[PDB]
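Trainee: One structure is given below, represented as structure tokens, and several questions about it will come after.
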Number of protein chains: 2
Amino acid sequence: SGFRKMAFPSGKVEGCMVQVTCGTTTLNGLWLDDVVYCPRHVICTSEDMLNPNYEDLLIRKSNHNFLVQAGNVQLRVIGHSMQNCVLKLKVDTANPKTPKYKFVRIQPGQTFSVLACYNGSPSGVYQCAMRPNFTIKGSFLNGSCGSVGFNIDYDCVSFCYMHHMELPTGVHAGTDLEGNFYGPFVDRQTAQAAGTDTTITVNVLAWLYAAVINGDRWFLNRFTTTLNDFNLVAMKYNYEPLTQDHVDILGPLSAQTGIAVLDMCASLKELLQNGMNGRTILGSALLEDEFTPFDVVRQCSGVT
Amino acid sequence: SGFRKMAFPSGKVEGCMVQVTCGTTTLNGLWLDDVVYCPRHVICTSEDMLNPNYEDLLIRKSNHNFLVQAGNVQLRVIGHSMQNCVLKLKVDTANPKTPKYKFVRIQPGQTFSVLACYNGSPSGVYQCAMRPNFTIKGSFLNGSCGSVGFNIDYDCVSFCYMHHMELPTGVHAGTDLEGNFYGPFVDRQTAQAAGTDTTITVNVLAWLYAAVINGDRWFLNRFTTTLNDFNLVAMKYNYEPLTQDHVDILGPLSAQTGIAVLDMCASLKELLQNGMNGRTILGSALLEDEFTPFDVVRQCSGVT
Ligand SMILES: COc1ccc(Cl)cc1CC(=O)Nc1cncc2ccccc12
Ligand SMILES: COc1ccc(Cl)cc1CC(=O)Nc1cncc2ccccc12
């Protein structure tokens with residue numbers, strides 16, 4: 001028992017982390033096969049970060065300008081291209097440590113592990129979620145650009161996020177591995193509206209199933225609700241509306257505890273309207289929405 | 001900015017994880033050099049776990065009885081010994097993936113990363129702390145025994161914890177890598193008093209310095225206190241008494257924010273007496289004690 005904000009093991013992703021320097025700017029790159037993926041803002045100095053013309057800035061650069069270092073060894077760049085907001089630097093060597101990998105675009109509300117990196121060297125791994133408004137609440141500093149978010153299905157690493165920007169609001173913005181920004185963000189030094197964020201209702205419900213599994217049952221009540229009534233409450237408390245698909249996804253956790261999904265919604269409804277009353281659920285004094293139903297089943301079952 | 005419950009990267013420790021079978025019991029082992037360290041309860045069946053005579057149970061076992069598997073390859077055990085509550089299985093091969101390592105006994109209140117493992121295969125990594133009462137609040141299931149806690153100083157891995165027992169209270173007990181149990185625990189299936197746990201005051205203060213660094217300043221007040229007055233409050237709220245050594249350790253975070261350590265104690269004193277009032281500090285509705293001052297400086301500076 002016990003419930004931790006567990007991240008996937010980062011070894012497979014550490015073997016791919018390289019440093020990419022371009023001019024005075026240094027950041028992280030991801031080396032898989034004979035290619036190094038990194039944010040395109042590596043070609044920018046501080047002045048032109050206000051409104052950069054990346055097509056124009058990339059034209060004054062040639063393969064010899066992209067200094068890629070895999071730890072201490074220099075990688076020979078034999079090709080370069082811009083795909084959306086990432087630069088693809090083809091290197092003459094394929095990463096001997098390339099794991100089985102996929103590039104996937106996750107849905108808002110999905111979770112992943114992030115391996116923070118500075119100068120192509122890792123510092124830590126933390127589990128986090130893609131907010132409903134496509135931002136991430138990461139822990140990132142200058143030079144963490146190029147740090148990736150990922151998932152691991154047994155041996156395959158599904159790379160879902162490359163880190164790019166820190167919004168003036170302290171939250172982070174990034175892209176999928178094809179250079180597509182999650183959310184409305186652009187790679188410019190301009191204040192950007194992240195939009196209204198909500199609470200991922202299905203994940204909160206999943207975390208309530210993980211509490212019952214792990215002994216915390218105080219919030220369980222003798223009530224039930226409908227999806228209609230629940231959503232009236234969920235809108236007021238700025239929670240994502242619960243759909244029938246969410247209920248079906250919660251099927252396995254509902255079968256493990258024997259607590260119907262609308263019965264769990266009644267517990268959530270009461271907690272939303274009354275608060276925790278100074279009590280904690282899984283050592284937390286707030287409703288946690290960063291554990292999807294798959295994470296709860298995986299952690300409470302033991303998927304390696 | 002941002003503050004995450006960040007764990008150290010687990011790659012160096014993944015390369016050491018092996019499966020150890022002995023009879024019907026399978027658990028995890030740590031392969032460093034030509035030795036595999038694992039909990040001694042691997043030699044127990046379910047019946048004799050009530051009160052086992054480990055010296056007697058180890059006598060009916062020989063090197064060929066310890067099935068050690070490094071992924072898919074079988075390791076040849078050429079020697080075995082019991083050191084306190086761990087078994088040291090000498091294997092004819094030295095782990096090609098052995099990192100620079102140390103075996104250290106951490107102080108209560110110190111933090112470390114845990115790589116949970118089932119059948120010598122890792123599943124996740126989470127950051128946690130050694131409670132003042134020598135227990136850990138981990139996320140562990142059956143077969144997670146042998147999962148290790150560790151710290152990483154640039155390239156050296158300081159192994160501090162081997163996981164052994166789950167107390168009936170849902171909290172976890174384990175040993176240092178010399179087989180010495182942290183706390184009063186024994187490796188028997190008997191209910192064990194974990195003792196009164198307190199809040200690690202220095203870590204809460206450190207987390208308050210990490211909040212000010214990351215923008216959360218609502219809890220800052222126009223008051224100050226003395227160590228004497230603070231400790232009167234700390235005892236009532238079951239917090240560890242703050243010593244002059246704790247204050248000196250908080251020196252760097254106090255110099256970074258310009259907020260005296262007794263000025264931060266006044267903020268903590270007021271939060272302890274008034275609660276959070278429905279507000280959050282670093283996305284938490286409770287005072288967090290699982291980040292030491294070294295972790296806060298490391299995360300807010302970027303130590304790789
Ligand atoms: C003005 O810098 C821009 C503008 C636009 C873009 Cl696309 C990228 C950057 C670089 C960036 O935001 N880096 C950082 C990402 N995370 C955290 C950071 C913490 C401190 C400083 C920079 C941090
Ligand atoms: C009765 O089992 C004993 C007694 C004494 C000792 Cl020394 C070791 C064990 C094995 C053990 O506690 N394993 C587990 C460690 N963490 C979490 C566990 C969750 C579920 C089941 C076992 C879990």
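Within each chain, counting starts at residue 1; across the structure tokens, chains are named A, B, ... in the order shown, with ligands numbered 1 upward in that order.
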For segment 191-200 of chain A, find every residue with an atom within 8 Å (counting only C-alpha atoms), except residues of its own chain fewer than 2 positions away, and show them as a PyMOL selection string.
Mentor: chain A and resi 109+131-135+167-168+183-185+189+202-204+238-240+289-290
Trainee: Write out as a PDB file with C-alpha atoms, in the first residue's frame every residue belonging to chain A that has an atom at most 7 Å from any atom of chain B, counting only C-alpha atoms.
Mentor:
```pdb
ATOM      1  CA  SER A   1       0.000   0.000   0.000  1.00  0.00           C
ATOM      2  CA  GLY A   2       0.841   3.701  -0.118  1.00  0.00           C
ATOM      3  CA  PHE A   3       0.281   6.156  -2.949  1.00  0.00           C
ATOM      4  CA  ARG A   4       3.142   8.110  -4.461  1.00  0.00           C
ATOM      5  CA  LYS A   5       3.449  10.617  -7.316  1.00  0.00           C
ATOM      6  CA  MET A   6       5.506   7.998  -9.081  1.00  0.00           C
ATOM      7  CA  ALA A   7       7.387   8.672 -12.275  1.00  0.00           C
ATOM      8  CA  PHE A   8       8.503   6.072 -14.836  1.00  0.00           C
ATOM      9  CA  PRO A   9      12.162   4.950 -14.517  1.00  0.00           C
ATOM     10  CA  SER A  10      14.331   7.437 -16.506  1.00  0.00           C
ATOM     11  CA  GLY A  11      17.212   5.216 -17.625  1.00  0.00           C
ATOM     12  CA  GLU A  14      18.931   9.289 -19.996  1.00  0.00           C
ATOM     13  CA  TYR A 118      20.701  21.054 -18.023  1.00  0.00           C
ATOM     14  CA  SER A 121      22.794  16.109 -18.210  1.00  0.00           C
ATOM     15  CA  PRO A 122      19.775  14.926 -16.228  1.00  0.00           C
ATOM     16  CA  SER A 123      18.954  16.243 -12.730  1.00  0.00           C
ATOM     17  CA  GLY A 124      15.652  14.678 -11.759  1.00  0.00           C
ATOM     18  CA  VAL A 125      12.461  13.008 -12.751  1.00  0.00           C
ATOM     19  CA  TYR A 126       8.962  13.969 -11.641  1.00  0.00           C
ATOM     20  CA  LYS A 137       3.174  22.752 -14.053  1.00  0.00           C
ATOM     21  CA  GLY A 138       6.772  21.627 -14.213  1.00  0.00           C
ATOM     22  CA  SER A 139       9.908  22.464 -12.336  1.00  0.00           C
ATOM     23  CA  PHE A 140      12.131  24.033 -14.967  1.00  0.00           C
ATOM     24  CA  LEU A 141      15.039  26.534 -14.973  1.00  0.00           C
ATOM     25  CA  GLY A 170       5.331  30.508 -14.048  1.00  0.00           C
ATOM     26  CA  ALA A 285      -5.295  18.218   1.939  1.00  0.00           C
ATOM     27  CA  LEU A 286      -6.680  18.859  -1.626  1.00  0.00           C
ATOM     28  CA  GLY A 302       2.460  -3.340 -10.004  1.00  0.00           C
ATOM     29  CA  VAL A 303       3.020  -2.988 -13.779  1.00  0.00           C
ATOM     30  CA  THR A 304       6.818  -3.104 -14.516  1.00  0.00           C
TER      31      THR A 304
END
```
Trainee: What's the separation between atom CA of residue 34 of chain A and atom CA of residue 76 of chain A, in Å to one decimal place?
Mentor: 10.2 Å
Trainee: State, in Å with one decimal place, the distance from atom CA of residue 267 of chain A to atom CA of residue 279 of chain B.
Mentor: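 Distance reported for this atom pair: 21.9 Å.
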Trainee: Could you state the separation of atom CA of residue 159 of chain B and atom CA of residue 176 of chain B in Å, given to one decimal place?
Mentor: 7.9 Å
Trainee: Step one, run DSSP on the backbone; step two, keep only residues of segment 45-210 of chain A assigned to strand (DSSP E or B); then write them as a PyMOL selection string.
Mentor: chain A and resi 67-70+73-75+77-83+86-91+100-103+111-118+121-130+136+148-153+156-166+172-175+181+199
Trainee: Could you pull out the helix (DSSP H, G or I) residues of segment 128-253 of chain A, going by DSSP on the backbone, and write them as a VMD selection string?
Mentor: chain A and resid 201 to 213 227 to 236 244 to 249 251 to 253
Trainee: Create the file for the chosen residues now, containing N, CA and C atoms and written as a short mmCIF file (atom, residue, chain, number, x, y, z; two decimals), in the first residue's frame.
Mentor:
```cif
data_model
loop_
_atom_site.label_atom_id
_atom_site.label_comp_id
_atom_site.auth_asym_id
_atom_site.auth_seq_id
_atom_site.Cartn_x
_atom_site.Cartn_y
_atom_site.Cartn_z
N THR A 201 -11.53 15.90 -13.60
CA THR A 201 -12.49 15.12 -12.82
C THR A 201 -12.26 13.62 -12.82
N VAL A 202 -11.98 13.01 -13.99
CA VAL A 202 -11.78 11.56 -14.05
C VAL A 202 -10.60 11.10 -13.20
N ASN A 203 -9.50 11.89 -13.21
CA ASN A 203 -8.29 11.66 -12.42
C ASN A 203 -8.55 11.84 -10.95
N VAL A 204 -9.40 12.83 -10.55
CA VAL A 204 -9.72 13.01 -9.13
C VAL A 204 -10.48 11.78 -8.64
N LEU A 205 -11.45 11.31 -9.43
CA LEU A 205 -12.22 10.12 -9.12
C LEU A 205 -11.34 8.90 -9.02
N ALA A 206 -10.39 8.77 -9.94
CA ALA A 206 -9.40 7.70 -9.94
C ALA A 206 -8.57 7.74 -8.64
N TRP A 207 -8.14 8.93 -8.21
CA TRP A 207 -7.38 9.12 -6.98
C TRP A 207 -8.23 8.80 -5.73
N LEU A 208 -9.56 8.98 -5.82
CA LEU A 208 -10.48 8.59 -4.77
C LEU A 208 -10.59 7.06 -4.72
N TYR A 209 -10.51 6.37 -5.86
CA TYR A 209 -10.50 4.91 -5.89
C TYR A 209 -9.19 4.39 -5.31
N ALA A 210 -8.06 5.07 -5.58
CA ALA A 210 -6.76 4.74 -5.01
C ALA A 210 -6.74 4.99 -3.51
N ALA A 211 -7.57 5.91 -2.98
CA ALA A 211 -7.63 6.16 -1.55
C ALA A 211 -8.35 4.99 -0.88
N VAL A 212 -9.50 4.56 -1.42
CA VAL A 212 -10.26 3.44 -0.87
C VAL A 212 -9.45 2.16 -0.86
N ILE A 213 -8.67 1.94 -1.93
CA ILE A 213 -7.79 0.78 -2.06
C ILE A 213 -6.75 0.80 -0.95
N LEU A 227 -24.99 11.62 -13.70
CA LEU A 227 -24.01 12.42 -14.43
C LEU A 227 -24.52 13.86 -14.55
N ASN A 228 -25.84 14.05 -14.76
CA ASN A 228 -26.47 15.36 -14.92
C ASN A 228 -26.26 16.21 -13.69
N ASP A 229 -26.70 15.71 -12.52
CA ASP A 229 -26.56 16.41 -11.26
C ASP A 229 -25.08 16.66 -10.95
N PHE A 230 -24.22 15.64 -11.14
CA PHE A 230 -22.79 15.79 -10.89
C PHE A 230 -22.17 16.94 -11.67
N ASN A 231 -22.46 17.02 -12.97
CA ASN A 231 -21.94 18.06 -13.86
C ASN A 231 -22.39 19.47 -13.46
N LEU A 232 -23.59 19.61 -12.83
CA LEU A 232 -24.04 20.93 -12.34
C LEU A 232 -23.05 21.47 -11.30
N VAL A 233 -22.61 20.57 -10.40
CA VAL A 233 -21.63 20.78 -9.34
C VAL A 233 -20.24 20.98 -9.95
N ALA A 234 -19.83 20.08 -10.86
CA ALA A 234 -18.55 20.13 -11.53
C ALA A 234 -18.32 21.47 -12.27
N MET A 235 -19.37 22.05 -12.88
CA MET A 235 -19.22 23.33 -13.59
C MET A 235 -18.94 24.47 -12.60
N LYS A 236 -19.70 24.50 -11.49
CA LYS A 236 -19.55 25.51 -10.45
C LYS A 236 -18.16 25.47 -9.85
N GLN A 244 -19.81 9.67 -20.33
CA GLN A 244 -19.96 8.22 -20.16
C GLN A 244 -18.63 7.51 -20.41
N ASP A 245 -17.77 8.04 -21.31
CA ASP A 245 -16.46 7.45 -21.55
C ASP A 245 -15.61 7.44 -20.29
N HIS A 246 -15.67 8.51 -19.49
CA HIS A 246 -14.93 8.60 -18.24
C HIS A 246 -15.38 7.54 -17.29
N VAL A 247 -16.68 7.31 -17.20
CA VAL A 247 -17.29 6.30 -16.34
C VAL A 247 -16.81 4.89 -16.71
N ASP A 248 -16.75 4.58 -18.02
CA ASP A 248 -16.29 3.28 -18.55
C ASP A 248 -14.81 3.06 -18.27
N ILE A 249 -14.01 4.13 -18.35
CA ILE A 249 -12.57 4.12 -18.06
C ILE A 249 -12.36 3.79 -16.57
N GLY A 251 -14.28 1.91 -14.86
CA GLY A 251 -14.84 0.57 -14.72
C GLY A 251 -13.94 -0.33 -13.92
N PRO A 252 -12.70 -0.57 -14.36
CA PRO A 252 -11.77 -1.39 -13.56
C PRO A 252 -11.58 -0.97 -12.08
N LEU A 253 -11.39 0.32 -11.78
CA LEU A 253 -11.27 0.75 -10.38
C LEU A 253 -12.58 0.57 -9.62
#
```
Trainee: Calculated over only C-alpha atoms and all ligand atoms, which of the candidates A:31, A:66, A:37, A:54 has the smallest distance to ligand 1?
Mentor: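 When distances to ligand 1 are compared using only C-alpha atoms and all ligand atoms, the smallest one comes from A:54.
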Trainee: Need the shell around residue 19 of chain A: protein/DNA/RNA residues with any atom at most 6 Å away, counting only C-alpha atoms. Skip same-chain ones fewer than 4 positions apart. Format as a list in words?
Mentor: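 Counting only C-alpha atoms, the residues come to residues 27, 28, 29, 68, 69, 119 and 120 of chain A.
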Trainee: So that I can see what lies close to residue 79 of chain A, please list as a PDB file with N, CA, C and O atoms, in the first residue's frame the residues with an atom at most 8 Å from it, counting only C-alpha atoms and leaving out residues fewer than 5 positions away in the same chain.
Mentor:
```
ATOM      1  N   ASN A  63      25.407  23.031 -40.738  1.00  0.00           N
ATOM      2  CA  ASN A  63      25.668  21.874 -39.876  1.00  0.00           C
ATOM      3  C   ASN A  63      26.777  22.059 -38.827  1.00  0.00           C
ATOM      4  O   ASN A  63      26.614  21.604 -37.696  1.00  0.00           O
ATOM      5  N   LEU A  89      18.507  17.520 -36.157  1.00  0.00           N
ATOM      6  CA  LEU A  89      19.905  17.485 -36.551  1.00  0.00           C
ATOM      7  C   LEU A  89      20.351  16.063 -36.790  1.00  0.00           C
ATOM      8  O   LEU A  89      20.568  15.322 -35.832  1.00  0.00           O
ATOM      9  N   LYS A  90      20.484  15.675 -38.057  1.00  0.00           N
ATOM     10  CA  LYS A  90      20.939  14.354 -38.428  1.00  0.00           C
ATOM     11  C   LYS A  90      22.432  14.251 -38.122  1.00  0.00           C
ATOM     12  O   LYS A  90      23.201  15.099 -38.540  1.00  0.00           O
ATOM     13  N   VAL A  91      22.826  13.246 -37.355  1.00  0.00           N
ATOM     14  CA  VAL A  91      24.209  13.018 -36.977  1.00  0.00           C
ATOM     15  C   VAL A  91      24.733  11.743 -37.642  1.00  0.00           C
ATOM     16  O   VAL A  91      23.952  10.823 -37.902  1.00  0.00           O
TER      17      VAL A  91
END
```
